[PDB]
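Please read the structure below before turning to the comments.
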Amino acid sequence: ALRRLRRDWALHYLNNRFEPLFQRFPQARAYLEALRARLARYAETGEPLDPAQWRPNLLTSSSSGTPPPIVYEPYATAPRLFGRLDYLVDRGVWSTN
Amino acid sequence: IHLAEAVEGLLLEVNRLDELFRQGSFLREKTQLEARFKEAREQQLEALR
Amino acid sequence: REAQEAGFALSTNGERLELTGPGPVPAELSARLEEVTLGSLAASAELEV
């Protein structure tokens with residue numbers, strides 16, 4: 001019950017924090033809510049929130065369309081074309097974010 | 001980029017949450033909670049006694 | 001002081017604190033107790049930082 005109390009208090013607090021963001025980034029509603037659901041969860045379960053599984057991956061900088069994004073890959077390998085999903089080894093165990 | 005910085009603020013909000021859980025109002029609510037629970041346990045124990 | 005107005009002495013065991021007096025402590029004064037102990041923990045951490 002106290003975990004429920006922490007959770008709903010955190011939710012009441014984070015609602016006023018996320019409403020301006022729901023207005024500002026309406027497309028990110030699915031993401032932000034998810035992020036909120038992870039914050040409130042951290043409030044109750046106390047699981048430390050890793051700021052690398054929840055930081056949006058801005059793949060490439062915004063372009064103005066003038067000039068348009070002109071990408072010449074003289075050396076076209078599947079990683080260099082579609083990007084590669086890097087990994088980390090924790091005690092030799094493969095994991096990524 | 002604005003979404004990235006907003007998410008940075010949100011990730012910092014964990015400390016705001018923690019400080020909220022140190023606040024007077026939330027702690028009063030929590031103590032009222034476990035106080036109700038403790039007095040209920042005392043009621044049961046005293047009926048048994 | 002706010003404990004002694006309620007007829008309680010603030011006993012220290014460490015950074016954790018208890019209250020001395022008759023019967024169970026009021027909910028608000030216990031709330032202030034956990035408040036100051038959590039605030040002392042947080043203040044030590046932010047002293048370090």
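Labels below follow one simple rule: chain letters A, B, ... track the order of the sequence lines, proteins then strands, and each chain is numbered from 1.
Salt bridge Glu19(B)/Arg16(B): absent, no basic N to carboxylate O contact under 4.0 Å.
For the pair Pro51(A)/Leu49(A), no side-chain contact is recorded, criterion being any heavy-atom separation below 4.5 Å from C-beta on. Contact annotation: the side chain of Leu35(A) approaches that of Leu11(B) to within less than 4.5 Å [non-hydrogen atoms, C-beta and beyond]. Contact annotation: the side chain of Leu33(C) never approaches that of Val25(C) to less than 4.5 Å [non-hydrogen atoms, C-beta and beyond]. With a 4.5 Å cut-off on side-chain heavy atoms, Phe18(A) and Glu33(A) do not count as touching. Residues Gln23(B) and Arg28(B) have side chains not in contact (no heavy-atom distance under 4.5 Å, counting atoms from C-beta outward). Residues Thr96(A) and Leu88(A) form no side-chain contact, since every pair of their non-hydrogen atoms from C-beta on lies 4.5 Å or further apart. Inter-residue side-chain proximity for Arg7(A) and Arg3(A) is flagged as unmet; no heavy-atom pair is nearer than 4.5 Å. Looking at heavy atoms from C-beta onward, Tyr42(A) lies in side-chain contact with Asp18(B) at the 4.5 angstrom threshold.
Rounding to the nearest 0.5 Å places CG of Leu17(B) at 10.5 Å from CZ of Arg22(B). The distance from the CD atom of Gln32(B) to the NZ atom of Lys30(B) is 12.5 Å, given to the nearest 0.5 Å. A distance of 6.5 Å separates CG of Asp50(A) from CG of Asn97(A), quoted to the nearest 0.5 Å. A distance of 15.0 Å separates CZ of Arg36(A) from CZ of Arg38(A), quoted to the nearest 0.5 Å. The CG atom of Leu10(C) sits 10.5 Å away from the CZ atom of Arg32(C) when rounded to the nearest 0.5 Å. The CZ atom of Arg41(A) sits 13.5 Å away from the CG atom of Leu11(A) when rounded to the nearest 0.5 Å.
Residues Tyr31(A) and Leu39(A) are members of one and the same hydrophobic cluster, defined by side-chain heavy-atom contacts under 4.5 angstrom among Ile, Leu, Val, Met, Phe, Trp and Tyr. Under the 4.5 Å side-chain heavy-atom criterion for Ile, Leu, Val, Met, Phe, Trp and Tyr, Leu85(A) and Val89(A) are members of the same hydrophobic cluster. Linking ILVMFWY side-chain heavy atoms closer than 4.5 Å, directly or via other members, places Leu5(A) and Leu38(C) in a single hydrophobic cluster. Taking hydrophobic clusters as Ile, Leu, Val, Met, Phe, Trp and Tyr residues chained together by side-chain heavy-atom distances below 4.5 Å, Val7(B) does not share a cluster with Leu58(A).
The two residues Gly24(B) and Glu35(C) come nearest to each other via the heavy atoms CA-OE1, 3.2 Å. Taking both residues in full, the closest heavy atoms of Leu27(B) and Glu34(C) are given as CD1-C, 4.3 Å, listed atom of the first, atom of the second, then distance. Here the closest heavy-atom approach between residue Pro20(A) and residue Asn16(A) is recorded as CD-O, 3.4 Å. The shortest heavy-atom contact between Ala27(C) and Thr31(B) is O-OG1, 3.4 Å. When all heavy atoms are compared, the tightest approach of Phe8(C) to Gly23(C) is CE2-O, 4.4 Å. Considering every non-hydrogen atom in both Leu20(B) and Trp9(A), the closest pair reads CD2-O, 4.2 Å.
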* Step by step, work out the side chain to side chain contact (heavy atoms under 4.5 Å, CB included) result for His12(A) and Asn15(A). => CA-CA 5 Å; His12(A) 164 80; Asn15(A) 281 3; 5.7 Å; no
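At least one donor-acceptor pair under 3.5 Å links the side chain of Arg6(A) to the backbone N or O of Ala43(A). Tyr87(A) places no side-chain N or O within donor-acceptor distance of the main-chain N or O of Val93(A), the cut-off being under 3.5 Å. Not a single donor-acceptor pair under 3.5 Å links the side chain of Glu18(C) to the backbone N or O of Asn13(C).
The environment of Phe22(A) atom CZ is dense: over 12 non-hydrogen atoms of other residues, nucleotides or ligands sit within 6.0 angstrom. Annotation: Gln44(B), atom CD; neighbour count of heavy atoms from other residues, nucleotides and ligands within 6.0 Å does not exceed 12.
The side-chain hydrogen bond (donor to acceptor under 3.5 Å, both in side chains) test applied to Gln27(A) returns no partner, not counting sequence neighbours.
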